[PDB]
$ cat coords_29.pdb   # PDB, C-alpha atoms
ATOM      1  CA  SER H 290     -12.489   2.549  20.652  1.00  0.00           C
ATOM      2  CA  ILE H 291     -13.711  -1.132  20.821  1.00  0.00           C
ATOM      3  CA  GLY H 292     -10.667  -3.269  21.831  1.00  0.00           C
ATOM      4  CA  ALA H 293      -6.980  -2.776  20.911  1.00  0.00           C
ATOM      5  CA  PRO H 294      -5.277  -3.415  17.476  1.00  0.00           C
ATOM      6  CA  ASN H 295      -2.117  -5.521  18.337  1.00  0.00           C
ATOM      7  CA  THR H 296       0.843  -2.944  18.450  1.00  0.00           C
ATOM      8  CA  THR H 297       3.101  -5.424  16.456  1.00  0.00           C
ATOM      9  CA  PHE H 298       0.637  -7.835  14.689  1.00  0.00           C
ATOM     10  CA  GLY H 299       1.991 -11.021  12.916  1.00  0.00           C
ATOM     11  CA  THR H 300      -0.825 -13.649  13.348  1.00  0.00           C
ATOM     12  CA  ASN H 301      -2.244 -12.502   9.954  1.00  0.00           C
ATOM     13  CA  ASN H 302      -0.068  -9.655   8.482  1.00  0.00           C
ATOM     14  CA  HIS H 303       1.389  -6.124   9.122  1.00  0.00           C
ATOM     15  CA  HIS H 304      -1.961  -4.192   9.039  1.00  0.00           C
ATOM     16  CA  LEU H 305      -2.731  -1.857  12.021  1.00  0.00           C
ATOM     17  CA  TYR H 306      -6.384  -3.057  11.924  1.00  0.00           C
ATOM     18  CA  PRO H 307      -7.826  -6.670  12.052  1.00  0.00           C
ATOM     19  CA  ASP H 308      -9.812  -8.381   9.201  1.00  0.00           C
ATOM     20  CA  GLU H 309     -12.344  -5.437   9.316  1.00  0.00           C
ATOM     21  CA  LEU H 310     -14.332  -4.803   6.061  1.00  0.00           C
ATOM     22  CA  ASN H 311     -14.300  -2.201   3.219  1.00  0.00           C
ATOM     23  CA  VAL H 312     -18.023  -1.396   4.069  1.00  0.00           C
ATOM     24  CA  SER H 313     -19.804   2.029   4.121  1.00  0.00           C
ATOM     25  CA  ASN H 314     -20.298   1.890   7.962  1.00  0.00           C
ATOM     26  CA  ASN H 315     -16.451   1.648   8.328  1.00  0.00           C
ATOM     27  CA  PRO H 316     -14.835   5.182   8.120  1.00  0.00           C
ATOM     28  CA  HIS H 317     -11.754   3.406   6.621  1.00  0.00           C
ATOM     29  CA  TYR H 318     -13.957   2.711   3.492  1.00  0.00           C
ATOM     30  CA  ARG H 319     -12.226   3.589   0.166  1.00  0.00           C
ATOM     31  CA  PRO H 320     -13.341   3.384  -3.520  1.00  0.00           C
ATOM     32  CA  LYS H 321     -11.899   0.872  -6.021  1.00  0.00           C
ATOM     33  CA  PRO H 322     -10.815   3.304  -8.818  1.00  0.00           C
ATOM     34  CA  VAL H 323     -10.209   1.144 -11.925  1.00  0.00           C
ATOM     35  CA  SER H 324      -9.310   2.240 -15.487  1.00  0.00           C
ATOM     36  CA  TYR H 325      -8.440   0.466 -18.791  1.00  0.00           C
ATOM     37  CA  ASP H 326      -5.777   1.788 -21.259  1.00  0.00           C
ATOM     38  CA  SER H 327      -4.842  -0.043 -24.517  1.00  0.00           C
ATOM     39  CA  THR H 328      -1.417   1.758 -24.325  1.00  0.00           C
ATOM     40  CA  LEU H 329      -0.227  -1.129 -22.038  1.00  0.00           C
ATOM     41  CA  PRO H 330       1.413  -4.364 -23.429  1.00  0.00           C
ATOM     42  CA  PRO H 331      -0.546  -7.693 -23.886  1.00  0.00           C
ATOM     43  CA  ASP H 332      -1.452  -9.690 -20.709  1.00  0.00           C
ATOM     44  CA  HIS H 333      -0.317  -6.803 -18.381  1.00  0.00           C
ATOM     45  CA  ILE H 334      -1.891  -4.847 -15.444  1.00  0.00           C
ATOM     46  CA  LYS H 335      -0.988  -1.373 -13.967  1.00  0.00           C
ATOM     47  CA  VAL H 336      -0.519  -0.925 -10.183  1.00  0.00           C
ATOM     48  CA  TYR H 337      -0.273   2.477  -8.448  1.00  0.00           C
ATOM     49  CA  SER H 338       1.394   2.335  -5.011  1.00  0.00           C
ATOM     50  CA  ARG H 339      -0.467   3.317  -1.803  1.00  0.00           C
ATOM     51  CA  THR H 340       2.881   2.507  -0.028  1.00  0.00           C
ATOM     52  CA  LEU H 341       5.505   4.939   1.165  1.00  0.00           C
ATOM     53  CA  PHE H 342       9.131   3.920   1.653  1.00  0.00           C
ATOM     54  CA  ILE H 343      10.668   5.749   4.626  1.00  0.00           C
ATOM     55  CA  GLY H 344      14.445   6.408   4.916  1.00  0.00           C
ATOM     56  CA  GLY H 345      16.240   8.226   7.794  1.00  0.00           C
ATOM     57  CA  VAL H 346      14.237   6.338  10.497  1.00  0.00           C
ATOM     58  CA  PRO H 347      15.395   6.874  14.143  1.00  0.00           C
ATOM     59  CA  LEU H 348      15.456   3.480  15.910  1.00  0.00           C
ATOM     60  CA  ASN H 349      13.146   4.726  18.736  1.00  0.00           C
ATOM     61  CA  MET H 350      10.098   5.146  16.379  1.00  0.00           C
ATOM     62  CA  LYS H 351       7.760   2.151  15.873  1.00  0.00           C
ATOM     63  CA  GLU H 352       4.740   1.152  13.696  1.00  0.00           C
ATOM     64  CA  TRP H 353       2.311   3.405  15.677  1.00  0.00           C
ATOM     65  CA  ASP H 354       4.853   6.310  15.651  1.00  0.00           C
ATOM     66  CA  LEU H 355       4.705   6.108  11.819  1.00  0.00           C
ATOM     67  CA  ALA H 356       0.883   6.054  12.091  1.00  0.00           C
ATOM     68  CA  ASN H 357       1.149   9.080  14.521  1.00  0.00           C
ATOM     69  CA  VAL H 358       3.449  11.292  12.338  1.00  0.00           C
ATOM     70  CA  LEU H 359       1.289  10.507   9.237  1.00  0.00           C
ATOM     71  CA  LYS H 360      -2.074  10.825  11.194  1.00  0.00           C
ATOM     72  CA  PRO H 361      -2.762  14.513  10.135  1.00  0.00           C
ATOM     73  CA  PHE H 362      -1.672  13.602   6.522  1.00  0.00           C
ATOM     74  CA  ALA H 363      -3.677  10.318   5.947  1.00  0.00           C
ATOM     75  CA  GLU H 364      -4.959   7.033   7.477  1.00  0.00           C
ATOM     76  CA  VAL H 365      -2.228   4.304   7.757  1.00  0.00           C
ATOM     77  CA  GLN H 366      -3.358   0.733   6.923  1.00  0.00           C
ATOM     78  CA  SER H 367      -0.090  -1.261   7.366  1.00  0.00           C
ATOM     79  CA  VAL H 368       3.642  -0.848   8.248  1.00  0.00           C
ATOM     80  CA  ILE H 369       6.893  -2.881   8.236  1.00  0.00           C
ATOM     81  CA  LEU H 370       9.596  -0.993  10.184  1.00  0.00           C
ATOM     82  CA  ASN H 371      13.217  -2.280  10.108  1.00  0.00           C
ATOM     83  CA  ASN H 372      15.303  -0.388  12.749  1.00  0.00           C
ATOM     84  CA  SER H 373      18.479  -2.391  11.797  1.00  0.00           C
ATOM     85  CA  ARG H 374      18.178  -0.960   8.206  1.00  0.00           C
ATOM     86  CA  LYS H 375      17.148   2.591   9.451  1.00  0.00           C
ATOM     87  CA  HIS H 376      13.951   2.351   7.287  1.00  0.00           C
ATOM     88  CA  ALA H 377      10.193   1.623   7.202  1.00  0.00           C
ATOM     89  CA  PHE H 378       7.515   0.799   4.611  1.00  0.00           C
ATOM     90  CA  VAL H 379       4.066   2.371   5.249  1.00  0.00           C
ATOM     91  CA  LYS H 380       0.875   1.416   3.364  1.00  0.00           C
ATOM     92  CA  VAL H 381      -2.084   3.913   3.454  1.00  0.00           C
ATOM     93  CA  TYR H 382      -5.644   2.993   2.296  1.00  0.00           C
ATOM     94  CA  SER H 383      -5.708   5.160  -0.934  1.00  0.00           C
ATOM     95  CA  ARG H 384      -3.336   6.462  -3.659  1.00  0.00           C
ATOM     96  CA  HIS H 385      -4.708   9.999  -3.057  1.00  0.00           C
ATOM     97  CA  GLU H 386      -3.796   9.664   0.659  1.00  0.00           C
ATOM     98  CA  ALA H 387      -0.226   8.477  -0.203  1.00  0.00           C
ATOM     99  CA  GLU H 388       0.265  11.483  -2.554  1.00  0.00           C
ATOM    100  CA  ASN H 389      -1.275  13.819   0.116  1.00  0.00           C
ATOM    101  CA  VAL H 390       1.384  12.505   2.577  1.00  0.00           C
ATOM    102  CA  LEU H 391       4.265  12.936   0.009  1.00  0.00           C
ATOM    103  CA  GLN H 392       3.021  16.463  -0.926  1.00  0.00           C
ATOM    104  CA  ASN H 393       3.160  17.930   2.651  1.00  0.00           C
ATOM    105  CA  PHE H 394       5.405  15.566   4.695  1.00  0.00           C
ATOM    106  CA  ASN H 395       8.822  16.989   5.674  1.00  0.00           C
ATOM    107  CA  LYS H 396       8.516  20.051   3.300  1.00  0.00           C
ATOM    108  CA  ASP H 397      10.714  22.149   5.699  1.00  0.00           C
ATOM    109  CA  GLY H 398      13.323  19.303   5.977  1.00  0.00           C
ATOM    110  CA  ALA H 399      12.845  19.155   9.817  1.00  0.00           C
ATOM    111  CA  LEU H 400      11.501  15.555  10.291  1.00  0.00           C
ATOM    112  CA  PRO H 401      14.085  12.667  10.376  1.00  0.00           C
ATOM    113  CA  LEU H 402      11.940  10.472   8.027  1.00  0.00           C
ATOM    114  CA  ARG H 403      12.455  10.572   4.193  1.00  0.00           C
ATOM    115  CA  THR H 404       9.142   9.792   2.397  1.00  0.00           C
ATOM    116  CA  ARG H 405       9.419   8.106  -1.047  1.00  0.00           C
ATOM    117  CA  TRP H 406       7.328   5.649  -3.080  1.00  0.00           C
ATOM    118  CA  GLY H 407       7.529   2.119  -1.667  1.00  0.00           C
ATOM    119  CA  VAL H 408       5.618  -0.955  -2.912  1.00  0.00           C
ATOM    120  CA  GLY H 409       2.920  -3.092  -1.274  1.00  0.00           C
ATOM    121  CA  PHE H 410       2.298  -4.799  -4.660  1.00  0.00           C
ATOM    122  CA  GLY H 411       4.748  -4.452  -7.590  1.00  0.00           C
ATOM    123  CA  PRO H 412       7.223  -6.443  -9.813  1.00  0.00           C
ATOM    124  CA  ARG H 413      10.830  -5.185  -9.444  1.00  0.00           C
ATOM    125  CA  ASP H 414      11.702  -5.971 -13.125  1.00  0.00           C
ATOM    126  CA  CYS H 415       8.724  -3.809 -14.359  1.00  0.00           C
ATOM    127  CA  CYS H 416       8.803  -1.188 -11.531  1.00  0.00           C
ATOM    128  CA  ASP H 417       8.581   2.625 -11.683  1.00  0.00           C
ATOM    129  CA  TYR H 418       9.404   3.756  -8.098  1.00  0.00           C
ATOM    130  CA  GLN H 419       9.904   7.337  -9.469  1.00  0.00           C
ATOM    131  CA  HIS H 420       6.209   7.738 -10.507  1.00  0.00           C
ATOM    132  CA  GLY H 421       5.088   5.296  -7.729  1.00  0.00           C
ATOM    133  CA  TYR H 422       3.660   2.455  -9.870  1.00  0.00           C
ATOM    134  CA  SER H 423       4.536  -0.888 -11.524  1.00  0.00           C
ATOM    135  CA  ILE H 424       3.189  -2.863 -14.549  1.00  0.00           C
ATOM    136  CA  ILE H 425       2.742  -6.656 -14.022  1.00  0.00           C
ATOM    137  CA  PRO H 426       2.493  -9.440 -16.666  1.00  0.00           C
ATOM    138  CA  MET H 427      -0.322 -11.917 -15.820  1.00  0.00           C
ATOM    139  CA  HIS H 428       2.075 -14.827 -16.683  1.00  0.00           C
ATOM    140  CA  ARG H 429       4.128 -13.965 -13.499  1.00  0.00           C
ATOM    141  CA  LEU H 430       1.080 -13.177 -11.286  1.00  0.00           C
ATOM    142  CA  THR H 431       0.644 -16.265  -9.028  1.00  0.00           C
ATOM    143  CA  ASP H 432      -2.777 -17.609  -7.990  1.00  0.00           C
ATOM    144  CA  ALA H 433      -2.441 -15.464  -4.790  1.00  0.00           C
ATOM    145  CA  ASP H 434      -1.281 -12.359  -6.775  1.00  0.00           C
ATOM    146  CA  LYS H 435      -4.393 -12.375  -9.036  1.00  0.00           C
ATOM    147  CA  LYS H 436      -6.565 -13.414  -6.007  1.00  0.00           C
ATOM    148  CA  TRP H 437      -5.654 -10.129  -4.211  1.00  0.00           C
ATOM    149  CA  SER H 438      -5.847  -8.125  -7.468  1.00  0.00           C
ATOM    150  CA  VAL H 439      -9.560  -9.231  -7.748  1.00  0.00           C
ATOM    151  CA  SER H 440     -10.574  -9.996  -4.078  1.00  0.00           C
ATOM    152  CA  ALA H 441      -8.518  -7.426  -2.035  1.00  0.00           C
ATOM    153  CA  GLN H 442     -10.685  -5.088   0.013  1.00  0.00           C
ATOM    154  CA  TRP H 443      -8.458  -2.012  -0.482  1.00  0.00           C
ATOM    155  CA  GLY H 444      -7.022  -1.715  -4.020  1.00  0.00           C
ATOM    156  CA  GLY H 445      -7.314  -4.098  -6.972  1.00  0.00           C
ATOM    157  CA  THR H 446     -10.328  -4.313  -9.330  1.00  0.00           C
ATOM    158  CA  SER H 447     -13.404  -4.486  -6.962  1.00  0.00           C
ATOM    159  CA  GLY H 448     -13.996  -8.172  -8.013  1.00  0.00           C
ATOM    160  CA  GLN H 449     -13.634  -7.573 -11.799  1.00  0.00           C
ATOM    161  CA  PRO H 450     -11.574 -10.036 -13.929  1.00  0.00           C
ATOM    162  CA  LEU H 451      -7.961  -9.025 -14.638  1.00  0.00           C
ATOM    163  CA  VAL H 452      -7.976  -7.820 -18.280  1.00  0.00           C
ATOM    164  CA  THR H 453      -5.050  -6.514 -20.375  1.00  0.00           C
ATOM    165  CA  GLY H 454      -4.709  -2.748 -19.806  1.00  0.00           C
ATOM    166  CA  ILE H 455      -6.443  -2.694 -16.359  1.00  0.00           C
ATOM    167  CA  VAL H 456      -5.200   0.092 -13.981  1.00  0.00           C
ATOM    168  CA  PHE H 457      -5.735   0.338 -10.180  1.00  0.00           C
ATOM    169  CA  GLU H 458      -4.099   1.059  -6.785  1.00  0.00           C
ATOM    170  CA  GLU H 459      -2.166  -1.807  -5.112  1.00  0.00           C
ATOM    171  CA  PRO H 460      -4.188  -4.766  -3.743  1.00  0.00           C
ATOM    172  CA  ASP H 461      -3.807  -5.589  -0.033  1.00  0.00           C
ATOM    173  CA  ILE H 462      -1.143  -8.143   1.053  1.00  0.00           C
ATOM    174  CA  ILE H 463      -3.313 -10.367   3.104  1.00  0.00           C
ATOM    175  CA  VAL H 464      -2.795 -14.027   1.959  1.00  0.00           C
ATOM    176  CA  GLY H 465      -5.121 -16.429   3.852  1.00  0.00           C
ATOM    177  CA  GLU H 466      -5.013 -20.246   3.479  1.00  0.00           C
ATOM    178  CA  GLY H 467      -1.807 -22.331   4.128  1.00  0.00           C
ATOM    179  CA  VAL H 468       0.887 -23.297   1.500  1.00  0.00           C
TER     180      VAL H 468
END

$ encode --input "coords_29.pdb" --output "structure tokens"
Amino acid sequence: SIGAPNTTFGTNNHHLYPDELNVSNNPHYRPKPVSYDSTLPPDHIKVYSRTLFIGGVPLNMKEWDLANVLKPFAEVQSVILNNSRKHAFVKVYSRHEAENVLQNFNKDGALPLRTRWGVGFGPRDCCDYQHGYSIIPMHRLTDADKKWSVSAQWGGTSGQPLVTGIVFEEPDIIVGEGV
């Protein structure tokens, strides 16, 4: 209602919405579900994807067409569409939303889009794109990587320290600063 988003973004990052806030007055508010399992290796963290990878993309559909086809399935937070590759990546605000998309989307096989697990945050060498998660060693997490894992508004730990065995849904890929 108040103002327009951007329709392409790029000044900050590929989110549909501006800075906003994960506050209770925002209807985009989501919980920070965190767990701790000792079954994980030492100095590692678990990251569930809230990101869909999209194959089969017709070149005429854009970022807000992805938000439009997924609108009755879940709220879309961010999107990187690559028409030259015939694909998109689409980040929704919760893991439960991303599963609720995957569960109902293209069940008949009529839509051109092919919904899979993508990654907003995840190491390729410790990935599990089949289950839709990755496990990350804290020795490879940069200052920015841990900064989002603690400080990200959607996903991460809710401001808790990264401990061995910590589980959550992917932190936002804001960045801030220079460098």

$ resolve_selection --input "coords_29.pdb" --expression "the PyMOL selection byres ((chain H and resi 446) around 9)" --output "PDB file with C-alpha atoms, in the frame of the given file"
ATOM      1  CA  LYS H 321     -11.899   0.872  -6.021  1.00  0.00           C
ATOM      2  CA  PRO H 322     -10.815   3.304  -8.818  1.00  0.00           C
ATOM      3  CA  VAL H 323     -10.209   1.144 -11.925  1.00  0.00           C
ATOM      4  CA  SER H 438      -5.847  -8.125  -7.468  1.00  0.00           C
ATOM      5  CA  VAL H 439      -9.560  -9.231  -7.748  1.00  0.00           C
ATOM      6  CA  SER H 440     -10.574  -9.996  -4.078  1.00  0.00           C
ATOM      7  CA  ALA H 441      -8.518  -7.426  -2.035  1.00  0.00           C
ATOM      8  CA  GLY H 444      -7.022  -1.715  -4.020  1.00  0.00           C
ATOM      9  CA  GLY H 445      -7.314  -4.098  -6.972  1.00  0.00           C
ATOM     10  CA  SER H 447     -13.404  -4.486  -6.962  1.00  0.00           C
ATOM     11  CA  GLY H 448     -13.996  -8.172  -8.013  1.00  0.00           C
ATOM     12  CA  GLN H 449     -13.634  -7.573 -11.799  1.00  0.00           C
ATOM     13  CA  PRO H 450     -11.574 -10.036 -13.929  1.00  0.00           C
ATOM     14  CA  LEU H 451      -7.961  -9.025 -14.638  1.00  0.00           C
ATOM     15  CA  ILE H 455      -6.443  -2.694 -16.359  1.00  0.00           C
ATOM     16  CA  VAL H 456      -5.200   0.092 -13.981  1.00  0.00           C
ATOM     17  CA  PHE H 457      -5.735   0.338 -10.180  1.00  0.00           C
ATOM     18  CA  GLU H 458      -4.099   1.059  -6.785  1.00  0.00           C
ATOM     19  CA  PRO H 460      -4.188  -4.766  -3.743  1.00  0.00           C
TER      20      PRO H 460
END

$ residues_around --input "coords_29.pdb" --residues "residue 367 in chain H" --least-positions-apart "5" --cutoff "8 Å" --atoms "only C-alpha atoms" --output "ChimeraX atom specification"
/H:303-306,379-381

$ resolve_selection --input "coords_29.pdb" --expression "the PyMOL selection byres ((chain H and resi 423) around 8)" --output "PDB file with C-alpha atoms, in the coordinates of the input"
ATOM      1  CA  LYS H 335      -0.988  -1.373 -13.967  1.00  0.00           C
ATOM      2  CA  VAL H 336      -0.519  -0.925 -10.183  1.00  0.00           C
ATOM      3  CA  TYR H 337      -0.273   2.477  -8.448  1.00  0.00           C
ATOM      4  CA  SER H 338       1.394   2.335  -5.011  1.00  0.00           C
ATOM      5  CA  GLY H 411       4.748  -4.452  -7.590  1.00  0.00           C
ATOM      6  CA  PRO H 412       7.223  -6.443  -9.813  1.00  0.00           C
ATOM      7  CA  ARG H 413      10.830  -5.185  -9.444  1.00  0.00           C
ATOM      8  CA  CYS H 415       8.724  -3.809 -14.359  1.00  0.00           C
ATOM      9  CA  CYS H 416       8.803  -1.188 -11.531  1.00  0.00           C
ATOM     10  CA  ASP H 417       8.581   2.625 -11.683  1.00  0.00           C
ATOM     11  CA  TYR H 418       9.404   3.756  -8.098  1.00  0.00           C
ATOM     12  CA  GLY H 421       5.088   5.296  -7.729  1.00  0.00           C
ATOM     13  CA  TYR H 422       3.660   2.455  -9.870  1.00  0.00           C
ATOM     14  CA  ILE H 424       3.189  -2.863 -14.549  1.00  0.00           C
ATOM     15  CA  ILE H 425       2.742  -6.656 -14.022  1.00  0.00           C
TER      16      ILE H 425
END

$ resolve_selection --input "coords_29.pdb" --expression "the PyMOL selection byres ((chain H and resi 349) around 12)" --output "MDAnalysis selection string"
chainID H and resid 345:348 350:355 370:373 375:376 401

$ closest_residue --input "coords_29.pdb" --among "H:402, H:295, H:374, H:318" --to "residue 358 in chain H" --atoms "all atoms listed in the file"
H:402

$ atom_distance --input "coords_29.pdb" --atom1 "CA of residue 341 in chain H" --atom2 "CA of residue 464 in chain H"
20.7 Å

$ axis_aligned_box --input "coords_29.pdb" --around "range 386-403 of chain H" --padding-each-side "6 Å" --output "lines of an AutoDock Vina configuration file"
center_x = 5.1
center_y = 15.3
center_z = 3.9
size_x = 29.9
size_y = 25.7
size_z = 24.9

$ closest_residue --input "coords_29.pdb" --among "H:312, H:377, H:468, H:291" --to "residue 340 in chain H" --atoms "all atoms listed in the file"
H:377

$ build_atoms --input "coords_29.pdb" --residues "range 344-356 of chain H" --atoms "N, CA, C and O atoms" --output "short mmCIF file (atom, residue, chain, number, x, y, z; two decimals), in the frame of the given file"
data_model
loop_
_atom_site.label_atom_id
_atom_site.label_comp_id
_atom_site.auth_asym_id
_atom_site.auth_seq_id
_atom_site.Cartn_x
_atom_site.Cartn_y
_atom_site.Cartn_z
N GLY H 344 13.04 6.38 4.49
CA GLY H 344 14.44 6.41 4.92
C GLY H 344 14.64 7.26 6.17
O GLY H 344 13.69 7.88 6.66
N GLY H 345 15.87 7.31 6.70
CA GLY H 345 16.24 8.23 7.79
C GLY H 345 15.61 7.91 9.15
O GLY H 345 15.57 8.77 10.02
N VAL H 346 15.08 6.69 9.34
CA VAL H 346 14.24 6.34 10.50
C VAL H 346 15.08 6.25 11.78
O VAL H 346 16.01 5.43 11.81
N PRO H 347 14.77 7.03 12.84
CA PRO H 347 15.40 6.87 14.14
C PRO H 347 14.86 5.60 14.80
O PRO H 347 13.66 5.31 14.74
N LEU H 348 15.76 4.83 15.42
CA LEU H 348 15.46 3.48 15.91
C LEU H 348 14.40 3.46 17.02
O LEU H 348 13.81 2.41 17.29
N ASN H 349 14.13 4.60 17.67
CA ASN H 349 13.15 4.73 18.74
C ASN H 349 11.69 4.74 18.23
O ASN H 349 10.79 4.35 18.97
N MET H 350 11.44 5.16 16.98
CA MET H 350 10.10 5.15 16.38
C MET H 350 9.68 3.75 15.91
O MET H 350 10.47 2.99 15.36
N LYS H 351 8.41 3.43 16.15
CA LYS H 351 7.76 2.15 15.87
C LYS H 351 6.63 2.30 14.83
O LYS H 351 6.40 3.38 14.28
N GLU H 352 5.89 1.23 14.60
CA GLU H 352 4.74 1.15 13.70
C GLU H 352 3.67 2.22 14.00
O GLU H 352 3.25 2.95 13.10
N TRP H 353 3.27 2.37 15.27
CA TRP H 353 2.31 3.40 15.68
C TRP H 353 2.90 4.82 15.75
O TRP H 353 2.13 5.78 15.70
N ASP H 354 4.23 4.99 15.83
CA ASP H 354 4.85 6.31 15.65
C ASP H 354 4.77 6.76 14.19
O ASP H 354 4.43 7.92 13.93
N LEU H 355 4.97 5.84 13.23
CA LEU H 355 4.70 6.11 11.82
C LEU H 355 3.23 6.46 11.60
O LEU H 355 2.94 7.51 11.02
N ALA H 356 2.29 5.68 12.13
CA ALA H 356 0.88 6.05 12.09
C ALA H 356 0.61 7.42 12.74
O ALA H 356 -0.18 8.18 12.20
#
